[PDB]
């Protein structure tokens, strides 16, 4: 029944100063205080008989004004053995759909749909169909043009995935985006597997359609189920991280589910939030020390 709280800063704004650690440590009346990364993350072994509802409040209030995330959990079962991760806006900095939209002159028009889809105001599948329709007649060349010139990796991402593969964890990049993107991005970051939707083409141009049945909110949950049976585990052994409504099924089902820099209504719904850290936050959530990372 033993607890632990973890404080995480962004490694590029490492404001978790030694004095804050002690302060927070004593706000929750804690014994140990264990440093995972100097000025970035620390473990506060909670005292028994304290619902995380309180330890959250104590720590969030003590830390108020500082760019430091708080999560509380049980110390055992912290290191997950599956990672299932969103691509667009989670592991890359862009929306692959919105970037292709630039190549048709409608980035602004399509990004507003994307925004509403990822907030959960519209279902993913008609949102994909509507946005993808406007890519009709686009040549296939635009794919690598966008990957090469406008796609960039979210900080912490290679480190996160490489460091879990080092500890025997299966890592899947599970996206509502497009296989021509996820196949490259996943090899680039270091995933074992990727699964995304598929654009249809005639051999030169994009048809403007997507291969049906579309993978949406539900298909991310099933991929999580498929992977867990396949590897001899349950989804409780998984950590899931995304930003939009199509990740909520998989975030809610995983043993550890993380709304990372999530849209307004999405973070409103998630139990565990990271609003300041980068992708290394998930390593510190899992109890890794910076010693244990892959450089």
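Residue numbers count along the first chain shown, from 1. What we label the rigid core is the largest C-alpha set whose atoms superpose within 1.5 Å from one form to the other.
Trainee: Quick one: core-superposed, which stretch strays further from the shown model in 5 other deposited structures of this protein, 40-48 or 264-272? Go by RMS C-alpha distance.
Mentor: Per-stretch check in 5 other deposited structures of this protein: the more divergent one is 264-272.
Trainee: Averaging the C-alpha B factors as listed in the entry, name the stretch that ends up higher: 158-166 or 139-147.
Mentor: 139-147 has the higher mean C-alpha B-factor.
Trainee: With reference to the PDB entry, specify whether the mean Cα temperature factor is higher for 46-54 or for 248-256.
Mentor: Higher of the two, by average CA B-factor, is 46-54.
Trainee: Can you tell me which of 41, 228, 59, 267 has the highest Cα temperature factor in the record?
Mentor: Each of 41, 228, 59, 267 was compared by C-alpha B-factor; the highest is 59.
Trainee: According to the Cα B-factor stored in this entry, which of the following is highest: 114, 182, 197, 75?
Mentor: Across 114, 182, 197, 75, the entry lists the biggest C-alpha B-factor for 75.
Trainee: Within this chain, which third does the Cα B-factor at residue 13 fall in: lowest, middle or highest?
Mentor: Residue 13: CA B-factor falls in the lowest third of its chain.
Trainee: Give the position of residue 236 by CA B-factor within its chain, expressed as the lowest, middle or highest third.
Mentor: Middle third - that is where residue 236 ends up once the chain's C-alpha B-factors are sorted.
Trainee: Lowest, middle or highest third of the chain for the C-alpha temperature factor of residue 103?
Mentor: It falls in the top third of the chain.
Trainee: Consider only the C-alpha atoms of the modelled residues in this chain, order them by B-factor as the entry records it, and name the third containing residue 213: lowest, middle or highest.
Mentor: Middle third by C-alpha B-factor.
Trainee: Splitting the chain's C-alpha B-factors into thirds, which one does residue 204 fall into?
Mentor: Highest third of the chain for residue 204's C-alpha B-factor.
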